>>> print(open('structure.txt').read())   # compact mmCIF, C-alpha atoms and all ligand atoms
# COMPACT_ATOMS: atom_id res chain seq x y z
CA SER F 57 20.71 -128.86 -18.38
CA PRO F 58 24.03 -127.68 -16.75
CA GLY F 59 22.72 -124.07 -16.87
CA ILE F 60 19.09 -124.66 -15.71
CA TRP F 61 17.89 -123.29 -12.40
CA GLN F 62 14.45 -123.05 -10.69
CA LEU F 63 13.27 -120.32 -8.35
CA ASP F 64 11.26 -121.32 -5.26
CA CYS F 65 9.76 -119.08 -2.55
CA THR F 66 8.75 -120.48 0.86
CA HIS F 67 7.66 -118.85 4.15
CA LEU F 68 8.83 -119.19 7.76
CA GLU F 69 8.52 -116.95 10.83
CA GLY F 70 6.49 -114.40 8.87
CA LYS F 71 9.41 -113.99 6.48
CA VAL F 72 10.20 -115.20 2.99
CA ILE F 73 12.99 -117.64 2.03
CA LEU F 74 13.93 -117.25 -1.67
CA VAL F 75 15.61 -120.38 -3.10
CA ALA F 76 17.34 -121.13 -6.40
CA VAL F 77 17.72 -124.85 -7.19
CA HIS F 78 20.15 -126.16 -9.78
CA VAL F 79 17.77 -128.70 -11.22
CA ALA F 80 20.24 -131.40 -12.42
CA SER F 81 22.11 -131.57 -9.07
CA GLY F 82 19.68 -130.39 -6.35
CA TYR F 83 22.31 -127.84 -5.26
CA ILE F 84 20.76 -124.70 -3.73
CA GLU F 85 21.35 -121.06 -2.85
CA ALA F 86 18.90 -119.22 -0.59
CA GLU F 87 18.32 -115.93 1.14
CA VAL F 88 15.84 -114.50 3.67
CA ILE F 89 13.87 -111.36 2.52
CA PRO F 90 10.95 -109.56 4.25
CA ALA F 91 8.77 -110.25 1.21
CA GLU F 92 9.16 -111.39 -2.39
CA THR F 93 9.35 -108.33 -4.63
CA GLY F 94 10.67 -107.97 -8.17
CA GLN F 95 13.65 -105.93 -6.92
CA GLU F 96 14.66 -108.61 -4.36
CA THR F 97 14.22 -111.38 -6.89
CA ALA F 98 16.28 -109.41 -9.49
CA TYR F 99 19.11 -108.80 -7.02
CA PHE F 100 19.15 -112.47 -5.93
CA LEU F 101 19.47 -113.58 -9.61
CA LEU F 102 22.27 -111.09 -10.27
CA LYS F 103 24.17 -112.58 -7.28
CA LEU F 104 23.49 -116.15 -8.42
CA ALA F 105 24.55 -115.56 -12.07
CA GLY F 106 27.87 -113.91 -10.95
CA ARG F 107 28.64 -117.17 -9.12
CA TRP F 108 27.43 -120.02 -11.42
CA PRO F 109 26.93 -120.11 -15.21
CA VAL F 110 23.19 -119.51 -15.09
CA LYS F 111 21.69 -120.04 -18.57
CA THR F 112 18.02 -120.50 -17.85
CA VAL F 113 15.79 -119.63 -14.91
CA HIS F 114 12.33 -121.09 -14.35
CA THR F 115 10.65 -118.31 -12.34
CA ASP F 116 8.55 -119.25 -9.30
CA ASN F 117 5.30 -117.38 -10.10
CA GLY F 118 3.79 -115.13 -12.78
CA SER F 119 4.52 -111.92 -10.90
CA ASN F 120 8.28 -112.53 -11.07
CA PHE F 121 7.84 -113.77 -14.65
CA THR F 122 6.12 -110.41 -15.49
CA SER F 123 8.30 -108.15 -13.33
CA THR F 124 10.19 -105.64 -15.46
CA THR F 125 12.99 -105.49 -12.83
CA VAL F 126 13.35 -109.29 -12.97
CA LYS F 127 13.43 -109.09 -16.78
CA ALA F 128 16.08 -106.35 -16.66
CA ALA F 129 18.28 -108.48 -14.33
CA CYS F 130 17.90 -111.52 -16.61
CA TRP F 131 18.88 -109.35 -19.59
CA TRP F 132 21.85 -107.88 -17.70
CA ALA F 133 23.15 -111.29 -16.61
CA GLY F 134 22.48 -113.18 -19.89
CA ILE F 135 19.77 -115.38 -18.38
CA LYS F 136 16.83 -116.77 -20.40
CA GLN F 137 13.80 -116.18 -18.17
CA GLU F 138 11.20 -118.89 -18.50
CA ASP F 139 7.93 -119.75 -16.78
CA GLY F 140 7.85 -122.42 -14.03
CA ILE F 141 4.87 -124.28 -15.45
CA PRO F 142 5.36 -127.88 -14.30
CA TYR F 143 4.56 -129.56 -17.64
CA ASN F 144 6.23 -132.44 -15.81
CA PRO F 145 3.87 -133.10 -12.85
CA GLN F 146 6.80 -134.48 -10.76
CA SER F 147 8.29 -130.93 -10.57
CA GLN F 148 5.61 -129.78 -8.05
CA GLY F 149 6.45 -132.71 -5.74
CA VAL F 150 10.26 -132.32 -5.90
CA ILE F 151 10.05 -128.62 -4.88
CA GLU F 152 7.47 -129.41 -2.15
CA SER F 153 9.78 -132.12 -0.80
CA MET F 154 12.73 -129.71 -0.82
CA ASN F 155 10.85 -127.02 1.08
CA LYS F 156 9.87 -129.63 3.70
CA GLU F 157 13.47 -130.92 3.90
CA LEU F 158 14.88 -127.38 4.21
CA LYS F 159 12.41 -126.42 6.92
CA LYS F 160 13.25 -129.58 8.85
CA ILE F 161 16.98 -128.75 8.74
CA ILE F 162 16.20 -125.16 9.74
CA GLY F 163 14.34 -126.58 12.77
CA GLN F 164 17.35 -128.80 13.65
CA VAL F 165 19.68 -125.72 13.67
CA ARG F 166 17.22 -123.03 14.70
CA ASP F 167 18.51 -122.75 18.29
CA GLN F 168 22.11 -122.19 17.07
CA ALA F 169 21.38 -118.70 15.66
CA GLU F 170 19.36 -115.70 16.83
CA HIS F 171 18.45 -114.62 13.29
CA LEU F 172 16.53 -116.67 10.79
CA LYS F 173 18.95 -115.78 7.97
CA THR F 174 21.79 -117.59 9.86
CA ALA F 175 19.78 -120.80 10.33
CA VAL F 176 18.87 -120.63 6.62
CA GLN F 177 22.58 -120.48 5.63
CA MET F 178 23.36 -123.37 8.01
CA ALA F 179 20.53 -125.30 6.31
CA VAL F 180 21.95 -124.44 2.87
CA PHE F 181 25.38 -125.72 4.06
CA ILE F 182 23.92 -129.05 5.38
CA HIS F 183 21.70 -129.56 2.28
CA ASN F 184 24.59 -128.99 -0.16
CA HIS F 185 27.09 -131.17 1.74
CA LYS F 186 24.73 -134.16 2.37
CA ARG F 187 25.92 -137.26 0.47
CA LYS F 188 23.15 -139.21 -1.23
CA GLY F 193 27.34 -141.38 -3.41
CA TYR F 194 27.95 -137.68 -4.02
CA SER F 195 26.70 -134.45 -2.45
CA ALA F 196 24.71 -131.84 -4.42
CA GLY F 197 27.76 -129.55 -4.18
CA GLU F 198 29.91 -132.26 -5.72
CA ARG F 199 27.32 -132.99 -8.45
CA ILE F 200 26.98 -129.35 -9.58
CA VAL F 201 30.79 -128.94 -9.93
CA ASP F 202 31.12 -132.20 -11.93
CA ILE F 203 28.18 -131.30 -14.20
CA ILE F 204 29.53 -127.87 -15.06
CA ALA F 205 33.18 -129.04 -15.38
CA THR F 206 32.07 -131.80 -17.79
CA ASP F 207 30.19 -129.10 -19.69
CA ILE F 208 33.24 -126.81 -19.85
CA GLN F 209 35.47 -129.61 -21.27
CA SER D 57 44.85 -125.47 -2.68
CA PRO D 58 41.41 -126.24 -4.22
CA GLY D 59 40.11 -125.39 -0.71
CA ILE D 60 42.07 -122.17 0.00
CA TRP D 61 40.37 -118.80 0.20
CA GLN D 62 41.60 -115.33 1.22
CA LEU D 63 39.50 -112.61 2.82
CA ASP D 64 39.94 -109.00 1.63
CA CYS D 65 38.22 -105.82 2.81
CA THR D 66 38.15 -102.65 0.73
CA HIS D 67 36.25 -99.31 0.98
CA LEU D 68 34.04 -97.32 -1.35
CA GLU D 69 31.42 -94.59 -0.83
CA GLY D 70 31.84 -94.72 2.96
CA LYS D 71 30.93 -98.41 2.89
CA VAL D 72 32.86 -101.65 3.17
CA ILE D 73 33.19 -104.31 0.44
CA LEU D 74 34.04 -107.73 1.92
CA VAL D 75 35.67 -110.07 -0.65
CA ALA D 76 36.63 -113.75 -0.55
CA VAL D 77 39.11 -114.79 -3.22
CA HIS D 78 39.66 -118.38 -4.25
CA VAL D 79 43.46 -118.17 -4.45
CA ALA D 80 44.12 -120.80 -7.20
CA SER D 81 41.47 -119.44 -9.62
CA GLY D 82 41.10 -115.71 -8.81
CA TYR D 83 37.31 -116.34 -8.54
CA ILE D 84 35.59 -114.04 -6.08
CA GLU D 85 32.50 -113.59 -3.94
CA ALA D 86 31.71 -110.19 -2.40
CA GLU D 87 29.16 -108.28 -0.38
CA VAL D 88 28.62 -104.70 0.80
CA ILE D 89 28.40 -104.14 4.62
CA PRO D 90 28.15 -100.91 6.68
CA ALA D 91 31.36 -101.83 8.45
CA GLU D 92 33.59 -104.87 8.96
CA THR D 93 32.56 -106.63 12.20
CA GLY D 94 33.19 -110.12 13.50
CA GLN D 95 29.50 -110.94 13.05
CA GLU D 96 29.31 -109.77 9.39
CA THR D 97 32.54 -111.63 8.64
CA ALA D 98 31.26 -114.81 10.33
CA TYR D 99 27.98 -114.63 8.37
CA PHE D 100 29.83 -114.07 5.04
CA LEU D 101 32.04 -117.15 5.66
CA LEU D 102 28.99 -119.30 6.55
CA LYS D 103 27.37 -118.29 3.23
CA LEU D 104 30.60 -118.94 1.33
CA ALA D 105 31.22 -122.42 2.87
CA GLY D 106 27.63 -123.56 2.04
CA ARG D 107 28.35 -122.77 -1.63
CA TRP D 108 32.02 -123.97 -2.16
CA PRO D 109 34.19 -126.57 -0.34
CA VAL D 110 36.08 -124.06 1.82
CA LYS D 111 38.94 -125.85 3.65
CA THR D 112 41.11 -122.90 4.67
CA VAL D 113 40.52 -119.18 5.04
CA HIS D 114 43.31 -116.66 5.35
CA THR D 115 41.68 -113.86 7.33
CA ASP D 116 42.18 -110.26 6.22
CA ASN D 117 43.35 -108.76 9.54
CA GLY D 118 44.08 -109.60 13.16
CA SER D 119 40.69 -108.49 14.44
CA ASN D 120 38.84 -111.07 12.27
CA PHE D 121 41.61 -113.56 13.15
CA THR D 122 40.93 -112.95 16.88
CA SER D 123 37.14 -112.59 16.66
CA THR D 124 35.33 -115.28 18.66
CA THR D 125 32.29 -115.04 16.31
CA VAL D 126 34.54 -115.58 13.30
CA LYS D 127 36.14 -118.57 15.06
CA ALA D 128 32.69 -119.98 15.89
CA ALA D 129 31.62 -119.73 12.20
CA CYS D 130 34.88 -121.41 11.07
CA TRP D 131 34.29 -124.18 13.61
CA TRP D 132 30.63 -124.52 12.52
CA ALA D 133 31.46 -124.72 8.80
CA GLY D 134 34.61 -126.91 9.16
CA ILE D 135 37.00 -124.19 8.07
CA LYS D 136 40.62 -123.94 9.25
CA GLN D 137 41.08 -120.27 10.09
CA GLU D 138 44.57 -118.99 9.36
CA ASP D 139 46.30 -115.63 9.51
CA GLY D 140 46.76 -113.62 6.29
CA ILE D 141 50.44 -112.74 6.63
CA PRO D 142 51.94 -112.48 3.11
CA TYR D 143 54.97 -114.70 3.84
CA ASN D 144 55.07 -114.56 0.06
CA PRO D 145 55.41 -110.79 -0.58
CA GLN D 146 53.73 -110.99 -4.03
CA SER D 147 50.43 -111.72 -2.20
CA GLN D 148 50.02 -108.09 -1.03
CA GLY D 149 50.33 -106.87 -4.64
CA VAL D 150 47.88 -109.44 -6.10
CA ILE D 151 45.11 -108.33 -3.68
CA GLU D 152 45.88 -104.62 -4.18
CA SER D 153 45.70 -105.21 -7.93
CA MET D 154 42.34 -106.98 -7.48
CA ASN D 155 40.88 -104.16 -5.38
CA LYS D 156 41.87 -101.62 -8.04
CA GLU D 157 40.43 -103.81 -10.85
CA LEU D 158 37.19 -104.38 -8.89
CA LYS D 159 36.85 -100.66 -8.24
CA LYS D 160 37.47 -99.94 -11.90
CA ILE D 161 34.65 -102.31 -12.91
CA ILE D 162 32.40 -100.86 -10.25
CA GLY D 163 32.95 -97.38 -11.79
CA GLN D 164 32.21 -98.75 -15.29
CA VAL D 165 28.77 -100.04 -14.07
CA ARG D 166 28.14 -97.54 -11.30
CA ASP D 167 25.47 -95.63 -13.30
CA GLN D 168 23.48 -98.85 -13.90
CA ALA D 169 22.36 -99.29 -10.28
CA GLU D 170 21.15 -96.90 -7.56
CA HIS D 171 22.64 -98.97 -4.72
CA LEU D 172 26.34 -99.75 -4.37
CA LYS D 173 25.54 -103.42 -3.57
CA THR D 174 24.04 -103.89 -7.08
CA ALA D 175 27.13 -102.42 -8.75
CA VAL D 176 29.36 -104.64 -6.64
CA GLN D 177 27.42 -107.77 -7.77
CA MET D 178 27.66 -106.62 -11.43
CA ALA D 179 31.44 -106.27 -10.89
CA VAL D 180 31.65 -109.77 -9.32
CA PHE D 181 29.82 -111.13 -12.42
CA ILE D 182 32.15 -109.35 -14.90
CA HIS D 183 35.26 -110.33 -12.89
CA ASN D 184 34.27 -114.03 -12.72
CA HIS D 185 33.26 -114.28 -16.39
CA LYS D 186 36.33 -112.41 -17.82
CA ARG D 187 38.38 -114.76 -20.05
CA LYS D 188 42.15 -114.39 -19.51
CA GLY D 193 41.93 -118.95 -22.10
CA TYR D 194 39.48 -119.57 -19.27
CA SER D 195 37.53 -117.38 -16.87
CA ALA D 196 37.98 -117.49 -13.09
CA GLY D 197 34.53 -119.18 -12.82
CA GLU D 198 35.68 -121.87 -15.26
CA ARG D 199 39.00 -122.32 -13.39
CA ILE D 200 37.41 -122.72 -9.96
CA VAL D 201 34.99 -125.44 -11.26
CA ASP D 202 37.80 -127.35 -13.07
CA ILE D 203 40.06 -127.19 -9.99
CA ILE D 204 37.43 -128.52 -7.61
CA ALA D 205 36.10 -131.13 -10.09
CA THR D 206 39.67 -132.47 -10.53
CA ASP D 207 39.94 -132.61 -6.73
CA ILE D 208 36.68 -134.61 -6.28
CA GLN D 209 37.92 -136.94 -9.10
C1 LIG N 1 15.75 -100.56 -9.24
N1 LIG N 1 17.02 -100.29 -9.99
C2 LIG N 1 16.73 -99.45 -11.18
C3 LIG N 1 17.87 -98.59 -11.61
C4 LIG N 1 18.18 -97.46 -10.87
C5 LIG N 1 19.23 -96.64 -11.24
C6 LIG N 1 19.96 -96.94 -12.36
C7 LIG N 1 19.65 -98.07 -13.10
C8 LIG N 1 18.61 -98.90 -12.73
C9 LIG N 1 18.29 -100.10 -13.55
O1 LIG N 1 17.14 -100.31 -13.90
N2 LIG N 1 19.34 -100.93 -13.87
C10 LIG N 1 19.11 -102.08 -14.71
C11 LIG N 1 19.23 -103.34 -13.92
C12 LIG N 1 20.40 -104.07 -13.94
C13 LIG N 1 20.52 -105.23 -13.22
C14 LIG N 1 19.46 -105.66 -12.44
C15 LIG N 1 18.29 -104.94 -12.41
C16 LIG N 1 18.18 -103.78 -13.15
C17 LIG N 1 17.91 -101.48 -10.22
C18 LIG N 1 17.96 -102.38 -9.01
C19 LIG N 1 17.27 -103.59 -9.05
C20 LIG N 1 17.26 -104.46 -7.96
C21 LIG N 1 17.97 -104.07 -6.84
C22 LIG N 1 18.65 -102.88 -6.79
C23 LIG N 1 18.66 -102.00 -7.86
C24 LIG N 1 19.43 -100.73 -7.78
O2 LIG N 1 19.05 -99.73 -8.45
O3 LIG N 1 20.47 -100.75 -7.05
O4 LIG N 1 19.28 -102.70 -5.57
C25 LIG N 1 18.94 -103.94 -4.91
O5 LIG N 1 18.09 -104.79 -5.68
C1 LIG N 2 26.05 -113.85 17.25
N1 LIG N 2 25.27 -115.12 17.20
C2 LIG N 2 25.34 -115.74 18.55
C3 LIG N 2 24.31 -116.77 18.86
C4 LIG N 2 23.04 -116.36 19.23
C5 LIG N 2 22.06 -117.29 19.52
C6 LIG N 2 22.36 -118.63 19.44
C7 LIG N 2 23.62 -119.05 19.07
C8 LIG N 2 24.61 -118.12 18.77
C9 LIG N 2 25.97 -118.61 18.38
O1 LIG N 2 27.00 -118.11 18.83
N2 LIG N 2 25.98 -119.63 17.46
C10 LIG N 2 27.25 -120.15 17.02
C11 LIG N 2 27.62 -119.66 15.65
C12 LIG N 2 28.20 -118.42 15.49
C13 LIG N 2 28.55 -117.96 14.24
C14 LIG N 2 28.30 -118.74 13.14
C15 LIG N 2 27.73 -119.99 13.30
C16 LIG N 2 27.39 -120.45 14.54
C17 LIG N 2 25.51 -116.02 16.01
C18 LIG N 2 25.50 -115.17 14.77
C19 LIG N 2 26.73 -114.85 14.20
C20 LIG N 2 26.81 -114.05 13.07
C21 LIG N 2 25.63 -113.57 12.54
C22 LIG N 2 24.41 -113.89 13.08
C23 LIG N 2 24.30 -114.68 14.21
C24 LIG N 2 22.95 -115.02 14.78
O2 LIG N 2 22.84 -115.26 16.02
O3 LIG N 2 21.98 -115.09 13.95
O4 LIG N 2 23.37 -113.29 12.38
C25 LIG N 2 24.11 -112.65 11.31
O5 LIG N 2 25.52 -112.77 11.43
>>> encode(input="structure.txt", output="structure tokens", more="lines below")
Ligand SMILES: C[N@H+](Cc1ccccc1C(=O)NCC1CCCCC1)Cc1ccc2c(c1C(=O)O)OCO2
Ligand SMILES: C[N@H+](Cc1ccccc1C(=O)NCC1CCCCC1)Cc1ccc2c(c1C(=O)O)OCO2
Amino acid sequence: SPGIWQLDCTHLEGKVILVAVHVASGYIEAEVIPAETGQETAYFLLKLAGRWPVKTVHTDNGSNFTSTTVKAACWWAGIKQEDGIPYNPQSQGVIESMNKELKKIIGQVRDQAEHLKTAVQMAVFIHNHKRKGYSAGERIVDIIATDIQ
Amino acid sequence: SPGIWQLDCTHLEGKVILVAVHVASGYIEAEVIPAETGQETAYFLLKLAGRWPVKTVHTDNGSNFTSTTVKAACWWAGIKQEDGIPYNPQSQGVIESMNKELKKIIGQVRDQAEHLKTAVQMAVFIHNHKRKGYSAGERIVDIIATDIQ
């Protein structure tokens, strides 16, 4: 559970926002890319796993599950690559709700940046710092620290 | 000190590697950029502060210290921007040592990636996971968790 992350891809402004959610905390990392390719997804996972102890990734679609570049990055970084099949039906809804929340925040900051990627990072900042009581950023740190000890 | 980060800029292959070091842990984030500008530095700090509770940044040089875009990002993200003067002289050496270690790792993985940015992220991963004992990634989590609690 401390090491489990979920990939999520959403669209805005004719661009792609790639998101990794730390399932237990709701903490996120995200990036803007022109389109979701295996190489982009692989690179994003390499970045993520250098930053947090990523043990398992539930991929966002079967193309990234299949992608040999994504598999090579998971091998490199010591990540177990799994499917994202929502055997729990509430998984679909949680991700949907997050995409809607993120897009709403992006709208609230959109005028404060020229480039979409800036607004997305502002949205990541707000999402991770929002107290719900602890923030997602606080919850991820506590979960992993508990796990280390 | 859980909140204190130091910016560091180094060169390789005609490109710039921008590094943020969490001083208390030695944990790092890094990116490759064509050249160090106020705008790239501002964007890097925005990304960083969405991911970790950044209270203070010691900037790497007087141009990023002066930069109005860097100041606007520090304002946006709630970061106190400070100068990077090594009033403690052992600070110069620690960063120089880190740049040489990072470059060493980058050369050990350089053949495993076409693009420099990939090699740099592999080096970030290795650096943060290296046990010296605890790794830098373990230390940063423990430090911040203790601070929340
Ligand atoms: C396309 N190449 C192939 C390659 C080319 C040359 C040497 C080795 C390999 C190779 O397969 N290395 C194993 C891997 C190790 C970790 C992750 C993925 C693969 C890797 C790659 C993937 C994604 C990217 C890249 C790059 C890049 O080459 O820089 O740059 C930005 O997003
Ligand atoms: C240069 N612009 C000016 C701007 C343009 C339009 C609206 C507001 C502003 C504005 O100054 N907002 C205040 C901030 C300034 C810095 C950080 C947070 C808020 C911002 C910026 C900085 C660095 C970047 C960017 C961008 C971008 O516009 O996307 O893109 C990649 O690295």
>>> residues_near_ligand(input="structure.txt", ligand="ligand LIG 2 (chain N)", cutoff="10 Å", atoms="only C-alpha atoms and all ligand atoms", output="mmCIF file with C-alpha atoms, in the frame of the given file")
data_model
loop_
_atom_site.group_PDB
_atom_site.id
_atom_site.type_symbol
_atom_site.label_atom_id
_atom_site.label_comp_id
_atom_site.auth_asym_id
_atom_site.auth_seq_id
_atom_site.Cartn_x
_atom_site.Cartn_y
_atom_site.Cartn_z
ATOM 1 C CA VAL F 165 19.680 -125.720 13.670
ATOM 2 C CA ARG F 166 17.220 -123.030 14.700
ATOM 3 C CA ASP F 167 18.510 -122.750 18.290
ATOM 4 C CA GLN F 168 22.110 -122.190 17.070
ATOM 5 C CA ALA F 169 21.380 -118.700 15.660
ATOM 6 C CA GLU F 170 19.360 -115.700 16.830
ATOM 7 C CA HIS F 171 18.450 -114.620 13.290
ATOM 8 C CA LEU F 172 16.530 -116.670 10.790
ATOM 9 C CA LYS F 173 18.950 -115.780 7.970
ATOM 10 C CA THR F 174 21.790 -117.590 9.860
ATOM 11 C CA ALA F 175 19.780 -120.800 10.330
ATOM 12 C CA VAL F 176 18.870 -120.630 6.620
ATOM 13 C CA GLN F 177 22.580 -120.480 5.630
ATOM 14 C CA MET F 178 23.360 -123.370 8.010
ATOM 15 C CA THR D 93 32.560 -106.630 12.200
ATOM 16 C CA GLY D 94 33.190 -110.120 13.500
ATOM 17 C CA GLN D 95 29.500 -110.940 13.050
ATOM 18 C CA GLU D 96 29.310 -109.770 9.390
ATOM 19 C CA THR D 97 32.540 -111.630 8.640
ATOM 20 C CA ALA D 98 31.260 -114.810 10.330
ATOM 21 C CA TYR D 99 27.980 -114.630 8.370
ATOM 22 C CA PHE D 100 29.830 -114.070 5.040
ATOM 23 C CA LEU D 101 32.040 -117.150 5.660
ATOM 24 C CA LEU D 102 28.990 -119.300 6.550
ATOM 25 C CA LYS D 103 27.370 -118.290 3.230
ATOM 26 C CA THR D 124 35.330 -115.280 18.660
ATOM 27 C CA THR D 125 32.290 -115.040 16.310
ATOM 28 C CA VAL D 126 34.540 -115.580 13.300
ATOM 29 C CA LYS D 127 36.140 -118.570 15.060
ATOM 30 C CA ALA D 128 32.690 -119.980 15.890
ATOM 31 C CA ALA D 129 31.620 -119.730 12.200
ATOM 32 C CA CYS D 130 34.880 -121.410 11.070
ATOM 33 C CA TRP D 131 34.290 -124.180 13.610
ATOM 34 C CA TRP D 132 30.630 -124.520 12.520
ATOM 35 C CA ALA D 133 31.460 -124.720 8.800
#
>>> axis_aligned_box(input="structure.txt", around="range 150-162 of chain F", padding_each_side="8 Å", output="AutoDock Vina command-line options")
--center_x 12.2 --center_y -128.7 --center_z 1.9 --size_x 25.5 --size_y 23.2 --size_z 31.6
>>> interface_residues(input="structure.txt", of="chain F", to="chain D", cutoff="6 Å", atoms="only C-alpha atoms", output="list in words")
residues 103, 106, 177, 180, 181, 201, 202 and 205 of chain F
>>> atom_distance(input="structure.txt", atom1="CA of residue 81 in chain F", atom2="CA of residue 196 in chain F")
5.3 Å
>>> closest_residue(input="structure.txt", among="D:158, D:151, D:88, D:135", to="ligand LIG 1 (chain N)", atoms="all atoms listed in the file")
D:88
>>> atom_distance(input="structure.txt", atom1="CA of residue 89 in chain D", atom2="CA of residue 74 in chain D")
7.2 Å
>>> atom_distance(input="structure.txt", atom1="CA of residue 207 in chain F", atom2="CA of residue 114 in chain F")
20.3 Å
>>> closest_residue(input="structure.txt", among="D:113, D:91, D:141, D:150", to="residue 69 in chain D", atoms="only C-alpha atoms")
D:91
>>> residues_around(input="structure.txt", residues="residue 116 in chain D", least_positions_apart="6", cutoff="8 Å", atoms="all atoms listed in the file", output="NGL selection string")
:D and (62-65 or 139-140)
>>> closest_residue(input="structure.txt", among="D:145, D:110, D:73, D:153", to="residue 61 in chain D", atoms="all atoms listed in the file")
D:110
>>> decode(input="structure.txt", residues="range 101-119 of chain D", atoms="N, CA and C atoms", output="mmCIF file, in the first residue's frame")
data_model
loop_
_atom_site.group_PDB
_atom_site.id
_atom_site.type_symbol
_atom_site.label_atom_id
_atom_site.label_comp_id
_atom_site.auth_asym_id
_atom_site.auth_seq_id
_atom_site.Cartn_x
_atom_site.Cartn_y
_atom_site.Cartn_z
ATOM 1 N N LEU D 101 11.168 25.485 -9.486
ATOM 2 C CA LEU D 101 10.803 25.722 -8.068
ATOM 3 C C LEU D 101 9.300 25.488 -7.812
ATOM 4 N N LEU D 102 8.466 25.907 -8.764
ATOM 5 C CA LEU D 102 7.013 25.623 -8.698
ATOM 6 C C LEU D 102 6.778 24.114 -8.629
ATOM 7 N N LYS D 103 7.421 23.361 -9.517
ATOM 8 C CA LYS D 103 7.299 21.891 -9.512
ATOM 9 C C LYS D 103 7.733 21.320 -8.177
ATOM 10 N N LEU D 104 8.921 21.726 -7.735
ATOM 11 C CA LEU D 104 9.486 21.271 -6.466
ATOM 12 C C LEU D 104 8.549 21.506 -5.253
ATOM 13 N N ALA D 105 8.043 22.742 -5.128
ATOM 14 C CA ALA D 105 7.199 23.145 -3.996
ATOM 15 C C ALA D 105 5.803 22.480 -3.978
ATOM 16 N N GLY D 106 5.320 22.019 -5.145
ATOM 17 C CA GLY D 106 4.096 21.184 -5.205
ATOM 18 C C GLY D 106 4.298 19.763 -4.680
ATOM 19 N N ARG D 107 5.556 19.329 -4.626
ATOM 20 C CA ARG D 107 5.920 17.959 -4.292
ATOM 21 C C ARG D 107 6.433 17.801 -2.844
ATOM 22 N N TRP D 108 7.153 18.811 -2.327
ATOM 23 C CA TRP D 108 7.747 18.809 -0.956
ATOM 24 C C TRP D 108 7.419 20.123 -0.278
ATOM 25 N N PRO D 109 7.348 20.167 1.083
ATOM 26 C CA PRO D 109 7.080 21.427 1.784
ATOM 27 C C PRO D 109 8.301 22.334 1.800
ATOM 28 N N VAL D 110 8.490 23.078 0.712
ATOM 29 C CA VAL D 110 9.656 23.950 0.557
ATOM 30 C C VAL D 110 9.424 25.284 1.326
ATOM 31 N N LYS D 111 10.194 25.517 2.392
ATOM 32 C CA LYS D 111 10.017 26.765 3.135
ATOM 33 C C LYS D 111 11.006 27.830 2.657
ATOM 34 N N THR D 112 12.243 27.402 2.438
ATOM 35 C CA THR D 112 13.335 28.295 2.097
ATOM 36 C C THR D 112 14.153 27.744 0.948
ATOM 37 N N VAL D 113 14.470 28.599 -0.023
ATOM 38 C CA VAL D 113 15.414 28.211 -1.071
ATOM 39 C C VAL D 113 16.605 29.149 -1.088
ATOM 40 N N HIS D 114 17.791 28.564 -0.985
ATOM 41 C CA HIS D 114 19.016 29.314 -1.220
ATOM 42 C C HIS D 114 19.321 29.231 -2.715
ATOM 43 N N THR D 115 19.223 30.372 -3.382
ATOM 44 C CA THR D 115 19.394 30.437 -4.831
ATOM 45 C C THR D 115 20.862 30.239 -5.176
ATOM 46 N N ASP D 116 21.111 29.800 -6.401
ATOM 47 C CA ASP D 116 22.452 29.345 -6.805
ATOM 48 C C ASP D 116 23.375 30.478 -7.265
ATOM 49 N N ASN D 117 22.805 31.640 -7.558
ATOM 50 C CA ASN D 117 23.588 32.773 -8.083
ATOM 51 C C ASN D 117 22.767 34.043 -7.963
ATOM 52 N N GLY D 118 23.416 35.185 -8.186
ATOM 53 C CA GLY D 118 22.742 36.466 -8.031
ATOM 54 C C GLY D 118 21.733 36.761 -9.123
ATOM 55 N N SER D 119 21.886 36.177 -10.301
ATOM 56 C CA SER D 119 20.887 36.413 -11.334
ATOM 57 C C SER D 119 19.527 35.758 -10.997
#
